[PDB]
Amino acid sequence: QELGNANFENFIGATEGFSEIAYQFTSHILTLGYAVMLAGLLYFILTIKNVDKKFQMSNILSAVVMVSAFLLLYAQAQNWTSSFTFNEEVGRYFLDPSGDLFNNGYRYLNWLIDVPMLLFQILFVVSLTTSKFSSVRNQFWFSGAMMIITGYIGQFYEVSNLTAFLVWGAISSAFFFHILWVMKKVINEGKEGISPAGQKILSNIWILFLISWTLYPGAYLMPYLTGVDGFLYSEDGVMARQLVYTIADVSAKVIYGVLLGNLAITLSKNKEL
């Protein structure tokens, strides 16, 4: 079949098809995804007043991210079930092009919301020392955008052109490293001159940030992480990718937001953890 510049899910779906477990699990994990986001939305709204006014923007930005994430993961859940249809004769789900090809690129473009806001929102809780607010913000936002856009281009080629896939991915990785760099600075400066409780949380946030954010390039490479004709170039790889996205999403968005809220509480002059 002629699929063109399509994600590898579609090639698996068109050739081997998906077992009941593979198809159902992918549907389940995406559903959990969007449910978590909408639950998180409620949490962040309902806890706004648990922190000092100055910190409340962080709650608000968490909520903004939840809205984005809910909408996208919901759409993507529908896209999954529309794109693959049961074949009675062999008892697997095969690519149903009338539903459109499945594309992960939905996620990517919504990151244009999530990434800028997630990076931004910490700057409403921590105080910088030697770094300027506007400067950090601008670096986050520029490098965030470039990371996403370059990766977005890349993922169209993950089957059709491995070279473009890897080159765009590499360029994206550079901007990622920049972001990691800046966020580390921010965390360090954030730690300076605050309670030990606050410092503990910021340590945790950094570990969370580092692991969760690194999962995303993991998902990018997922089909090829066991090399050519490897275990993961398969329905098992498809499952793994969406699992990793979902874990990353919950970690990088919800848990991150929760930790920041807890930080805000310790820093809050009225309130006590």
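From 1 onward, residues are counted along the sequence shown.
Look at the C-alpha B-factors of 79-87 and of 129-137. On average they run higher in 129-137. As the entry records it, the average C-alpha temperature factor is higher for 51-59, out of 51-59 and 66-74. Take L118, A145, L95, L180 and read off each C-alpha B-factor from the entry; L180 has the highest. Per the deposited record, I265 carries the highest C-alpha B-factor of all listed residues (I265, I12, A252, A22). Annotation for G99: C-alpha temperature factor in the lowest third relative to the rest of the modelled chain, per the entry.
Sorting the modelled residues of the chain by their CA temperature factor places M239 in the middle third. When the modelled residues of the chain are ordered by C-alpha B-factor, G105 sits in the middle third. The entry lists a Cα temperature factor for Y216 that places it in the middle third of the chain's modelled residues. In the PDB entry, a CA B factor belonging to the highest third of its chain's modelled residues is recorded for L210.
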